[PDB]
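Just below is one structure, and these are the notes that go with it.
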Amino acid sequence: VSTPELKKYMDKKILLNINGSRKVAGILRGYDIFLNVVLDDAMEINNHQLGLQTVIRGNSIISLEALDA
Amino acid sequence: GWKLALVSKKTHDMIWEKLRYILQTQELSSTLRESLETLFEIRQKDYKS
Amino acid sequence: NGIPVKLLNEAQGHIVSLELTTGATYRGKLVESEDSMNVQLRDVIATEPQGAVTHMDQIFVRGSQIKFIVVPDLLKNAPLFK
Amino acid sequence: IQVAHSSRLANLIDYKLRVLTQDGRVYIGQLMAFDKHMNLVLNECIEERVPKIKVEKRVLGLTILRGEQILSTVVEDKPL
Amino acid sequence: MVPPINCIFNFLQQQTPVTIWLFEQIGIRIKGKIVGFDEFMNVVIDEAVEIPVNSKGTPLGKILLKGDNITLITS
Amino acid sequence: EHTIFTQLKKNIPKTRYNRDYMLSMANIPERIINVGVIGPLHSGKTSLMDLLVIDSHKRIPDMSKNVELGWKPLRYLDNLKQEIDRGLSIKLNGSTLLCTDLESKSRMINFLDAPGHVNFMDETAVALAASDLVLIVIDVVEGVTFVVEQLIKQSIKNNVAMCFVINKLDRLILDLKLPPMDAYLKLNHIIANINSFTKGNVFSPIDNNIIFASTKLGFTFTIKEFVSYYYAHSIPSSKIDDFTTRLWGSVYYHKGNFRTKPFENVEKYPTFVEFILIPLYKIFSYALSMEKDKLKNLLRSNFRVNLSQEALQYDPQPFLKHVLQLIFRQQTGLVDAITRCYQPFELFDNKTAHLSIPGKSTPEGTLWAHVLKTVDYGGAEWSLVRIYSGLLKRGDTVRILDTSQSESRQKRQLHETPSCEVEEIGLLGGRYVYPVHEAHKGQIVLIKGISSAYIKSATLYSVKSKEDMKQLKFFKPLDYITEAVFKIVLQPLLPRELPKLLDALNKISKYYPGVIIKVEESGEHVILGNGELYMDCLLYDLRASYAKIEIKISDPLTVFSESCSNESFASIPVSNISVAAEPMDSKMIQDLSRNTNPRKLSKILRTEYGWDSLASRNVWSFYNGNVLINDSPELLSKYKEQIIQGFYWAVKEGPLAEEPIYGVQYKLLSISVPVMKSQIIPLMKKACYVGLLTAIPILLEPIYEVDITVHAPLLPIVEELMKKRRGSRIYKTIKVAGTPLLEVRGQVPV
Amino acid sequence: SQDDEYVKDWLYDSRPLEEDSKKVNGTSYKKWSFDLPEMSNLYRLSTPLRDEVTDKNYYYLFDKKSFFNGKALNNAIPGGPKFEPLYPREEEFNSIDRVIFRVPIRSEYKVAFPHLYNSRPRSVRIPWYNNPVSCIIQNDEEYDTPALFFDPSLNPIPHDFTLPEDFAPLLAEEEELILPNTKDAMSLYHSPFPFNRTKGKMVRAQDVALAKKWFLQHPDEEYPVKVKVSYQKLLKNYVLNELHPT
Amino acid sequence: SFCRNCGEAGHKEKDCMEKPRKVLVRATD
RNA sequence: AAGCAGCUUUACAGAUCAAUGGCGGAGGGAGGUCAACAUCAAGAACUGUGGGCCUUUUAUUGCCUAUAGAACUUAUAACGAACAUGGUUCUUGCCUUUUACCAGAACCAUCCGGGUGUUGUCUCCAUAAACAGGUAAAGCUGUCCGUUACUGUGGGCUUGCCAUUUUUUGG
Ligand SMILES: Nc1nc2c(ncn2[C@@H]2O[C@H](COP(=O)(O)OP(=O)(O)OP(=O)(O)O)[C@@H](O)[C@H]2O)c(=O)[nH]1
Ligand SMILES: [Zn+2]
């Protein structure tokens, strides 16, 4: 019923934390009522970059920190 | 106005109500609105002129 | 509304702990807790079950993988119960 | 360890509950709040983990528990 | 705000190559195009290739993708 | 003889909440919301705080049976004896309450009853300087007056949040006898005026912007409150939000549908009327007139409450207040409105910057608090302090800077402070002081030991290091909304009681902020205040609480500022610096009276008012109302601040009647200069005096703008009073909608 | 009949409702409580002996405290009584050399704002500054108007998603916005103390002051000398009784 | 105006002589 | 807010006709121009219980805390939505001395009365309420007696309802 109010959290370099103790880097380009996450891709978790913009199903995300200081 | 009030008060009341409706529950013109306002004012004093 | 969602909304600002399904026990201030429990933390220290300890600025959690949250004992007294 | 002829969780509120969880942990302590999802907000929570023996005992206090992580709850005795 | 709804519409517009990670599906990536759409994550991808990752090319054809298994949807 | 105040901690009222929990959550900077409720005269805002206080506390001892019924309003924050017998609020008096949202997120709210009488509005400015959010309580039967317009404009100009408790709905339903369609058009007219006088911000009961109330009758309600109490079970729980956003407006409802246009054969009421007002109209009319044995069935079936056996045998006004306190069962939705209106990040960073210097931030180790005013609270004197950073304790050494000295040290901050220790700290309760050891960030509190080392407002700060006072921000001298104009001249009757009166005036210059006390030559004391009721409350405070001596006071007098209106026919030098004088433009003096480096000033003056370039580049400084223009650069800038201090000392006390000089521009044409500074400042003031008197002088008269509410057939009588008093003109006669009143926005000299 | 139907059975008794039990405490006759039709009938029959002054703002210069200020300041009010000066007061600062004469200070100013317009007041009670502007509609048309209508003195006002069909408003069971007692109950609701309520205790027959209403108002119009002297002297007795709580 | 009680002119409801429903004078003295 | 599950209730159909356990009972209701005792002008101000702390011996004072209660009047402050009278002293008037006065103040009083609590008495209407200990008072307690503690009909609601990411229909 409640939508995520990340509207002052937009365009942040996010360290995601997903299934498998893995991490995803991405700037916060857009979201919606499911909290699916559009993010511009970066070096993903010796290290590699795949994708251009990713739509993230939120059930993958264990947590996410904002490295944007 | 005054005469109307004296004789057919109910009728006058009805008329007033109608006017009010026109003012509020209808997209009236500016001039029309002004006229309505004037009428209301007159009613308040009961035809001073 | 759900009573623990209210009690998490009433703990917004104190130092709460957060055990997750990956075991990543976070601890710090609370910022947000919606009806669907998006939990946000400032001044948060992180402790893993493996012994990994980190510190970070501000974190978001999507609530689908939260085990439990340790509320402080300050909210036991008042006011949502009686 | 006793009980009355109880019907549902709300009439047995504040009691000394043992709570079984999916992750091999047993939470013992009193209750203060529930929900539709059996979201127990335990009053004086003590967490019991068994690393492979010895019951790793942990003091928590007042904890909101998300209900999907819960397996089943046990009623022990009266409070106070 | 630009939605992931309209971002999957932009994936429909573009059909650029795809590197999907999958939720509790470790050594399988799905590559190809993104065409479908639902109010849920129901989509479709034809001529899909399931790639295990360094952490070969396994034979696979079409996929109707029922979205209970998704970590990434990228293009 | 002075207050109603509970000194005893065994006789403070118990709360439903726990006050120890209230302090225990007070450390959180984002919970505590400061509400300074400001209003017009007699808006019910004190009565609004009665609802919150009676909801919070278990048993107030001051509630008699006339209150527990609900006959006489429990004016609980009106504790001064002047506030008792005048029937007004005269000083800032609020409370600290825990208050729950509809989500039951309970927060500490520090209320502040701004006095709403228009000659008290300086202290309302205190409440505007103290508050994150403001409940602008608005009469229905008077509507948006000019005072409402200025409170809106000033709360926008202080970067403070906006909520409107539209009070007095029973005066629609019972005083004005209005039908629901006409009262709905009345509320449309009020909210349309509100959304006109606010710049780009829509307020509507669709949002949580506007709360409705009639606070004599025990209730207030948001539409979110009313839907979430009573339509929460008839509607499935996913459809609440887009229902509450279809209540207010021209939305209609027959059976399940929602057309914006009305229907054909049923012609019925809008959704707002039929879902909000029409049950509320039926509540009022059935609590008054219906037989009692049917009211229990209606309030049990519909509103799910029970009338007790004591509640059956009440009287119509307390029975109706008890019915409304069962239906609108508390004041929760008001607090949910205050919660959903104010955000900390988007408003607080500019609200901490308007009443200070706009800077980056402060460290959280150092302390930074705004001492708003001393208060003559119960017992001794306290000091109303909002902590913007840090943590105060009892016995904390802290430095105090009176804000009159806050500009000049700010210049020294561009590029020593009396540190009085805190004696005691208590929460600003109402008629009780709850002593608290620790006051946190964002918590309005009262402090004893500070009230000596300053006069009106202070910047209370503790610094721990050397470089952390470099980035410190000082608070401005608090912009009171009306200048003190109404003058009395004061002298004690016996000359031997002269020092005590001085001490009394010291207390007054602390207690009442807007009064300014000028000590003249003859031993007389010019006392300047905002108006008449301000002055006789001031003089009761002299003659009965502070001095207890007998006073000779003069008549009503006025500041009579001296000014210019024409060319000066002579540029005559004076020796003991030949300077002319020109009048300011009317638009320019208006733009300068709202107190609005050099390249921005030169570009604004040259592209707005039509200035010369030589006049725009060559300006010393601005005192308010009057500018100083230049026409050997070392000899100019060698005595820069000496010329400007002589200019200040000249325009503070003019040539004719020792008066301020307001509205004259000085053109320093030339200067003939040869221990020098003692012959520059009085030569500068003689030069300014000659420059004034070479033009033909005018004596300026302050003009009150008048608010008049009069029942319309008593309208020409007002013109009689506007005629028989000279200088008085009616400028705008407004028909206040839906009421028999007229608002006249006239003007009259002071 | 048919206008005084609720009270005629018991208006003219020795004690009106001493025998009945649902209206009165008992035959000791020490408490009373009325139904609103009985109460509205008692309101309507007693037009000549009640307060038609229902506004409290009418007593601006005419309060108890206003008369206390008139007494303490040797000062007359036109409708108000005159007294002795409480203080025998006799004899640079407040001379005509230093006084701007613009507003002649009428004594109504000196009783209205007593600390401002008086050099040297003492024993002065703080006067009740005004009530808000009582906009009470009087409904004085021959029992012809409903209880809720738009009065002739009122200024005019110059301005998918679905739900269940059985989703009703609150109080949708009843159609009538007003009742046959609503026009009477609203008139009762704005009345002063005797009629403002429907229960109370028995204030005795010598303690129900009926003419006290008449000299606490202004004199009506063009009454002669002796009658204005009567109003002034009865106000003088009233204020000498209110100054001294025994 | 006239009387609300009886409709006759001259007096008000507070000084009407008929009971509220919803001439010759001893003079020349 | 129709229904079902649950809980509670009375009319009950039922297990014992036990030992239990809840509720209710261990001498009524309405009152009365009935009186008796309190109590009613104040740190906005009240008591109950308990702890702790200070005198040179812990006594009568006075505080800090914990909880349970504050009936009656009180804010345009007052038991009374009304209002008299008397005394003393001072200051005015009438004056021809006092009483009787004019009329203001200050401090006191006296009268018509009033509220609330408890006790008792009286009137009207009714009617396992049995035994034992005490106080200034009560089912206060012990023994004890009805519906009845284990189901179903009939009422009330304190609740829930009428797989597709964030819990309950699978990592
Ligand atoms: N008829 C009616 N009167 C009301 C209502 N609400 C308040 N009042 C009256 O309005 C008065 C408002 O006075 P307060 O609000 O207590 O004092 P205040 O508003 O702080 O006064 P100021 O500070 O001078 O503005 C109250 O004394 C009430 O008698 C209402 O809803 N209906
Ligand atoms: Zn008549």
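Ligands are numbered from 1 in the order shown, residues from 1 within each chain, and chains are lettered A, B, ... in the order they appear in the structure tokens.
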
Could you tell me, counting only C-alpha atoms (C1' of nucleotides) and all ligand atoms, which protein and nucleic acid residues lie no more than 8 Å from ligand 1, written as a PyMOL selection string?
(chain F and resi 39-48+72-75+78+87-90+113-118+167-171+175+213-217) or (chain G and resi 131-132+134)

Saved selection, atoms kept: N, CA, C and O atoms, as a short mmCIF file (atom, residue, chain, number, x, y, z; two decimals), in the first residue's frame:
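Wrote part_27.cif, looks like this:
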```cif
data_model
loop_
_atom_site.label_atom_id
_atom_site.label_comp_id
_atom_site.auth_asym_id
_atom_site.auth_seq_id
_atom_site.Cartn_x
_atom_site.Cartn_y
_atom_site.Cartn_z
N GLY F 39 -2.71 32.72 15.26
CA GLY F 39 -4.05 32.99 14.79
C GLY F 39 -4.41 34.46 14.79
O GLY F 39 -3.63 35.32 15.20
N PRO F 40 -5.59 34.77 14.28
CA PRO F 40 -6.24 36.04 14.61
C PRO F 40 -6.72 36.06 16.05
O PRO F 40 -6.66 35.07 16.78
N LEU F 41 -7.18 37.24 16.46
CA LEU F 41 -7.89 37.42 17.71
C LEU F 41 -9.08 36.48 17.82
O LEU F 41 -9.93 36.44 16.93
N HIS F 42 -9.13 35.75 18.94
CA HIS F 42 -10.24 34.86 19.31
C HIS F 42 -10.52 33.82 18.24
O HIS F 42 -11.64 33.70 17.74
N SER F 43 -9.49 33.09 17.87
CA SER F 43 -9.62 32.05 16.86
C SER F 43 -9.91 30.69 17.45
O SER F 43 -10.18 29.75 16.71
N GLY F 44 -9.90 30.56 18.77
CA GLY F 44 -10.03 29.27 19.40
C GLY F 44 -8.75 28.50 19.53
O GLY F 44 -8.80 27.31 19.85
N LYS F 45 -7.60 29.13 19.28
CA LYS F 45 -6.32 28.43 19.32
C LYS F 45 -5.93 28.05 20.74
O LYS F 45 -5.35 26.98 20.96
N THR F 46 -6.22 28.91 21.72
CA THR F 46 -6.07 28.50 23.11
C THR F 46 -7.05 27.39 23.42
O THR F 46 -6.68 26.39 24.05
N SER F 47 -8.28 27.52 22.94
CA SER F 47 -9.26 26.45 23.08
C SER F 47 -8.88 25.23 22.25
O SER F 47 -9.27 24.11 22.59
N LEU F 48 -8.13 25.42 21.16
CA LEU F 48 -7.59 24.28 20.42
C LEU F 48 -6.59 23.51 21.27
O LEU F 48 -6.62 22.27 21.30
N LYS F 72 -17.80 26.32 30.04
CA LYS F 72 -16.80 27.37 30.00
C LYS F 72 -15.47 26.81 29.53
O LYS F 72 -15.07 25.72 29.96
N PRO F 73 -14.79 27.52 28.63
CA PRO F 73 -13.60 26.94 27.99
C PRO F 73 -12.42 26.93 28.96
O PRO F 73 -12.13 27.92 29.63
N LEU F 74 -11.76 25.78 29.03
CA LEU F 74 -10.68 25.54 29.99
C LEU F 74 -9.41 26.22 29.49
O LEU F 74 -8.46 25.60 29.04
N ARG F 75 -9.38 27.55 29.63
CA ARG F 75 -8.30 28.36 29.07
C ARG F 75 -7.04 28.11 29.88
O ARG F 75 -6.64 28.90 30.74
N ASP F 78 -3.84 30.11 29.33
CA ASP F 78 -4.03 31.50 29.69
C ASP F 78 -3.91 31.64 31.20
O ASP F 78 -4.89 31.77 31.92
N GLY F 87 -9.37 37.99 28.91
CA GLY F 87 -9.95 37.08 27.95
C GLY F 87 -9.11 36.87 26.72
O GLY F 87 -9.64 36.54 25.66
N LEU F 88 -7.79 37.05 26.82
CA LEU F 88 -6.89 36.89 25.70
C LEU F 88 -5.68 36.06 26.11
O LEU F 88 -5.49 35.74 27.28
N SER F 89 -4.86 35.73 25.11
CA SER F 89 -3.50 35.29 25.33
C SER F 89 -2.59 36.50 25.16
O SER F 89 -2.80 37.32 24.27
N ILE F 90 -1.62 36.65 26.07
CA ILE F 90 -0.83 37.87 26.16
C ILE F 90 0.65 37.52 26.09
O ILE F 90 1.47 38.31 25.62
N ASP F 113 1.24 28.73 22.11
CA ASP F 113 0.16 29.67 21.83
C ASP F 113 0.76 31.04 21.57
O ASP F 113 1.12 31.79 22.48
N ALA F 114 0.92 31.35 20.29
CA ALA F 114 1.13 32.74 19.93
C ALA F 114 -0.11 33.54 20.30
O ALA F 114 -1.22 33.06 20.09
N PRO F 115 0.03 34.69 20.92
CA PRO F 115 -1.13 35.56 21.11
C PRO F 115 -1.62 36.09 19.78
O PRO F 115 -0.84 36.49 18.91
N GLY F 116 -2.94 36.09 19.62
CA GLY F 116 -3.54 36.39 18.33
C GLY F 116 -4.08 37.78 18.19
O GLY F 116 -4.46 38.18 17.08
N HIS F 117 -4.20 38.50 19.30
CA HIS F 117 -4.54 39.91 19.23
C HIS F 117 -3.44 40.65 18.49
O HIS F 117 -2.25 40.37 18.67
N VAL F 118 -3.85 41.59 17.64
CA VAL F 118 -2.99 42.08 16.59
C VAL F 118 -1.91 43.00 17.14
O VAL F 118 -0.85 43.17 16.52
N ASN F 167 -11.21 26.57 12.21
CA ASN F 167 -11.92 26.42 13.46
C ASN F 167 -13.35 26.93 13.30
O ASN F 167 -13.71 27.51 12.28
N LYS F 168 -14.17 26.68 14.33
CA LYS F 168 -15.53 27.20 14.47
C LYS F 168 -16.46 26.72 13.35
O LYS F 168 -16.96 27.51 12.55
N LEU F 169 -16.68 25.41 13.30
CA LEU F 169 -17.70 24.85 12.42
C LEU F 169 -19.10 24.92 13.02
O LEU F 169 -20.10 24.96 12.28
N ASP F 170 -19.20 24.93 14.35
CA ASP F 170 -20.50 25.06 14.97
C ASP F 170 -21.11 26.43 14.74
O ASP F 170 -22.33 26.57 14.79
N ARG F 171 -20.28 27.43 14.47
CA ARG F 171 -20.83 28.74 14.15
C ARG F 171 -21.44 28.75 12.76
O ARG F 171 -22.38 29.50 12.52
N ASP F 175 -24.60 29.07 14.83
CA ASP F 175 -24.73 30.52 14.85
C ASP F 175 -25.30 31.05 13.55
O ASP F 175 -26.23 31.86 13.55
N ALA F 213 -12.36 22.05 12.69
CA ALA F 213 -12.60 22.02 14.13
C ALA F 213 -13.72 22.98 14.50
O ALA F 213 -14.09 23.87 13.74
N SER F 214 -14.28 22.75 15.69
CA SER F 214 -14.89 23.81 16.49
C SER F 214 -14.53 23.47 17.93
O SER F 214 -15.15 22.59 18.54
N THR F 215 -13.53 24.15 18.47
CA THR F 215 -12.84 23.65 19.65
C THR F 215 -13.58 23.90 20.95
O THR F 215 -13.13 23.41 21.99
N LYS F 216 -14.69 24.64 20.93
CA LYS F 216 -15.54 24.67 22.11
C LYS F 216 -16.22 23.33 22.30
O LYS F 216 -16.43 22.88 23.43
N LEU F 217 -16.54 22.65 21.19
CA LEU F 217 -17.31 21.42 21.23
C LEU F 217 -16.45 20.18 21.06
O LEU F 217 -16.89 19.18 20.49
N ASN G 131 -15.67 39.53 23.54
CA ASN G 131 -15.97 38.23 22.97
C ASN G 131 -15.88 38.34 21.45
O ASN G 131 -15.92 39.45 20.91
N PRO G 132 -15.71 37.22 20.74
CA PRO G 132 -15.74 37.29 19.27
C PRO G 132 -17.12 37.68 18.75
O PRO G 132 -18.12 37.64 19.47
N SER G 134 -20.41 37.76 17.60
CA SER G 134 -21.48 36.77 17.60
C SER G 134 -22.38 36.99 16.40
O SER G 134 -23.13 37.97 16.35
#
```

Which residues of chain F sit at most 10 Å from chain A, using only C-alpha atoms? Give each one's shortest atom pair and distance in Å (one decimal place), in chain and ascending residue order, as CSV.
```
residue,atom,partner,partner_atom,distance
F:237,CA,A:1,CA,9.1
F:238,CA,A:1,CA,6.9
F:239,CA,A:1,CA,9.6
F:240,CA,A:1,CA,9.9
F:241,CA,A:1,CA,9.4
F:345,CA,A:8,CA,9.3
F:346,CA,A:8,CA,9.6
```

Residue neighbourhood residue B:33, 7 Å, only C-alpha atoms (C1' of nucleotides), exclusion window fewer than 5 positions, as a ChimeraX atom specification:
/B:23,28 /G:158

Could you list, as a ChimeraX atom specification, every residue within 10 Å of stretch 37-45 of chain C, counting only C-alpha atoms (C1' of nucleotides) and ignoring same-chain residues fewer than 4 positions away?
/A:2-5,63-65 /C:5,8-9,12-13,15-18,25-33,53-64,66,69 /D:66 /I:166

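A distance search around ligand 2 (12 Å at most, only C-alpha atoms (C1' of nucleotides) and all ligand atoms) returns the following protein and nucleic acid residues: residues 47, 48 and 142 of chain G; 1, 2, 3, 4, 5, 6, 7, 8, 9, 10, 11, 12, 13, 14, 15, 16, 17, 18, 19, 20 and 21 of chain H.
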
Within 8 Å of chain D: residues of chain I, using only C-alpha atoms (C1' of nucleotides), as a ChimeraX atom specification:
/I:6,167-168

Using only N, CA and C atoms (P, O5', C5', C4', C3', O3' and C1' of nucleotides), please write the residues we just selected to a file, as a PDB file, in the first residue's frame.
```pdb
ATOM      1  P     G I   6     -16.284 -23.023  17.266  1.00  0.00           P
ATOM      2  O5'   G I   6     -15.502 -21.867  18.037  1.00  0.00           O
ATOM      3  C5'   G I   6     -14.095 -21.934  18.220  1.00  0.00           C
ATOM      4  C4'   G I   6     -13.528 -20.608  18.659  1.00  0.00           C
ATOM      5  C3'   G I   6     -14.100 -20.033  19.941  1.00  0.00           C
ATOM      6  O3'   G I   6     -13.532 -20.617  21.100  1.00  0.00           O
ATOM      7  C1'   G I   6     -14.013 -18.342  18.296  1.00  0.00           C
ATOM      8  P     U I 167       3.560 -10.173   2.310  1.00  0.00           P
ATOM      9  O5'   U I 167       3.401 -11.690   2.766  1.00  0.00           O
ATOM     10  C5'   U I 167       4.165 -12.724   2.151  1.00  0.00           C
ATOM     11  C4'   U I 167       4.963 -13.517   3.159  1.00  0.00           C
ATOM     12  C3'   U I 167       4.159 -14.478   4.033  1.00  0.00           C
ATOM     13  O3'   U I 167       4.944 -15.639   4.302  1.00  0.00           O
ATOM     14  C1'   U I 167       5.288 -12.920   5.402  1.00  0.00           C
ATOM     15  P     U I 168       4.722 -16.976   3.441  1.00  0.00           P
ATOM     16  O5'   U I 168       3.206 -17.364   3.725  1.00  0.00           O
ATOM     17  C5'   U I 168       2.587 -18.421   3.005  1.00  0.00           C
ATOM     18  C4'   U I 168       1.089 -18.418   3.172  1.00  0.00           C
ATOM     19  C3'   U I 168       0.386 -17.098   2.843  1.00  0.00           C
ATOM     20  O3'   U I 168      -0.803 -17.365   2.108  1.00  0.00           O
ATOM     21  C1'   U I 168      -0.197 -17.807   5.028  1.00  0.00           C
TER      22        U I 168
END
```

Proximal residues of chain A relative to chain C (only C-alpha atoms; 10 Å) as number ranges by chain:
A: 1-6, 14-21, 35, 58-69

Interface rows for chain C against chain F: nearest pair, Å to one decimal, 9 Å, only C-alpha atoms, as a tab-separated table:
```
residue	atom	partner	partner_atom	distance
C:1	CA	F:103	CA	7.2
C:5	CA	F:103	CA	8.7
C:6	CA	F:103	CA	6.2
C:7	CA	F:105	CA	8.0
C:8	CA	F:105	CA	8.9
C:9	CA	F:105	CA	5.8
C:10	CA	F:105	CA	4.9
C:11	CA	F:105	CA	8.5
C:12	CA	F:31	CA	8.2
C:13	CA	F:28	CA	5.7
C:14	CA	F:28	CA	7.2
C:74	CA	F:21	CA	7.0
C:75	CA	F:21	CA	7.6
C:77	CA	F:21	CA	7.0
C:78	CA	F:18	CA	6.2
C:79	CA	F:17	CA	5.9
C:80	CA	F:104	CA	6.9
C:82	CA	F:16	CA	8.4
```

Residues just named, written with C-alpha atoms as a compact mmCIF listing (two decimals), in the first residue's frame:
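Saved as selection_25.txt:
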```
# COMPACT_ATOMS: atom_id res chain seq x y z
CA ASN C 1 -3.02 -1.40 10.89
CA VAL C 5 4.39 -2.28 12.01
CA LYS C 6 3.20 0.42 14.43
CA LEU C 7 5.83 -0.60 17.00
CA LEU C 8 8.55 -0.47 14.36
CA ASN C 9 7.21 2.92 13.29
CA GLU C 10 7.40 4.02 16.95
CA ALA C 11 11.04 2.90 17.25
CA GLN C 12 12.05 5.21 14.37
CA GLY C 13 15.08 7.03 15.75
CA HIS C 14 16.46 4.73 18.43
CA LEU C 74 12.56 2.20 26.11
CA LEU C 75 9.38 1.48 24.13
CA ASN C 77 6.74 1.60 28.91
CA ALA C 78 4.65 3.63 26.48
CA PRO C 79 2.38 4.33 24.51
CA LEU C 80 0.98 1.92 21.93
CA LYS C 82 -2.06 1.29 26.94
```

Neighbours of stretch 129-143 of chain I within 8 Å (only C-alpha atoms (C1' of nucleotides); same-chain residues fewer than 5 positions away dropped), as a VMD selection string?
chain I and resid 25 to 27

Dump N, CA and C atoms (P, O5', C5', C4', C3', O3' and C1' of nucleotides) for the selected residues as a PDB file, in the first residue's frame?
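So selection_19.pdb came out as:
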```pdb
ATOM      1  P     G I  25     -24.286  -9.704  44.468  1.00  0.00           P
ATOM      2  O5'   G I  25     -24.677 -10.837  45.519  1.00  0.00           O
ATOM      3  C5'   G I  25     -25.819 -10.683  46.345  1.00  0.00           C
ATOM      4  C4'   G I  25     -26.242 -11.983  46.985  1.00  0.00           C
ATOM      5  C3'   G I  25     -25.891 -12.153  48.453  1.00  0.00           C
ATOM      6  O3'   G I  25     -26.785 -11.476  49.317  1.00  0.00           O
ATOM      7  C1'   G I  25     -25.406 -14.149  47.273  1.00  0.00           C
ATOM      8  P     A I  26     -26.252 -10.779  50.663  1.00  0.00           P
ATOM      9  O5'   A I  26     -25.524 -11.950  51.463  1.00  0.00           O
ATOM     10  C5'   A I  26     -26.221 -12.692  52.454  1.00  0.00           C
ATOM     11  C4'   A I  26     -25.332 -13.055  53.621  1.00  0.00           C
ATOM     12  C3'   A I  26     -24.288 -12.021  54.011  1.00  0.00           C
ATOM     13  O3'   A I  26     -24.822 -10.996  54.828  1.00  0.00           O
ATOM     14  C1'   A I  26     -23.288 -14.167  53.923  1.00  0.00           C
ATOM     15  P     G I  27     -24.997  -9.511  54.245  1.00  0.00           P
ATOM     16  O5'   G I  27     -26.564  -9.369  53.995  1.00  0.00           O
ATOM     17  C5'   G I  27     -27.513  -9.672  55.016  1.00  0.00           C
ATOM     18  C4'   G I  27     -28.909  -9.270  54.601  1.00  0.00           C
ATOM     19  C3'   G I  27     -29.241  -7.785  54.751  1.00  0.00           C
ATOM     20  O3'   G I  27     -30.090  -7.379  53.680  1.00  0.00           O
ATOM     21  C1'   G I  27     -30.776  -9.070  56.005  1.00  0.00           C
TER      22        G I  27
END
```

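From atom CA of residue G:111 back to atom CA of residue F:544, the distance works out to 17.5 Å.
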
Return as a VMD selection string the full set of residues in chain C whose backbone-based DSSP assignment is strand (DSSP E or B).
chain C and resid 12 14 to 20 25 to 29 33 39 to 42 45 to 47 53 to 55 58 to 61 66 to 71

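Here is the contact set of chain B against chain G, at 9 Å and counting only C-alpha atoms: residues 10, 13, 16, 17, 20, 23, 24, 33, 34, 36, 37, 40, 41, 43, 44 and 45 of chain B.
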
Selected residues written out with C-alpha atoms, as a tab-separated table (two decimals), in the first residue's frame:
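Below is the file result31.tsv, written as the result:
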```tsv
chain	number	residue	atom	x	y	z
B	10	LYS	CA	-42.52	32.75	0.00
B	13	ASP	CA	-37.62	33.56	-0.87
B	16	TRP	CA	-33.62	34.40	-3.83
B	17	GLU	CA	-32.84	30.69	-3.57
B	20	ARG	CA	-28.17	31.76	-5.13
B	23	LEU	CA	-24.51	32.10	-8.58
B	24	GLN	CA	-23.00	28.96	-7.03
B	33	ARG	CA	-22.08	37.44	-10.82
B	34	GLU	CA	-21.83	41.18	-10.20
B	36	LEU	CA	-26.25	38.73	-8.30
B	37	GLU	CA	-24.01	40.39	-5.72
B	40	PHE	CA	-27.92	40.29	-2.53
B	41	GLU	CA	-26.75	43.66	-1.22
B	43	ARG	CA	-31.87	42.33	-0.15
B	44	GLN	CA	-29.65	42.93	2.88
B	45	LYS	CA	-30.94	46.56	3.12
```

Among stretch 607-732 of chain F, which residues does DSSP mark as alpha helix (DSSP H) when it is run on the backbone? Keep the chain and numbering as in the structure and answer as a ChimeraX atom specification.
/F:607-608,613-617,633-638,640-652,681-694,715-724

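Candidate residues A:56, A:28, A:10, A:42 were compared for distance to chain E, and the nearest is A:56, using only C-alpha atoms.
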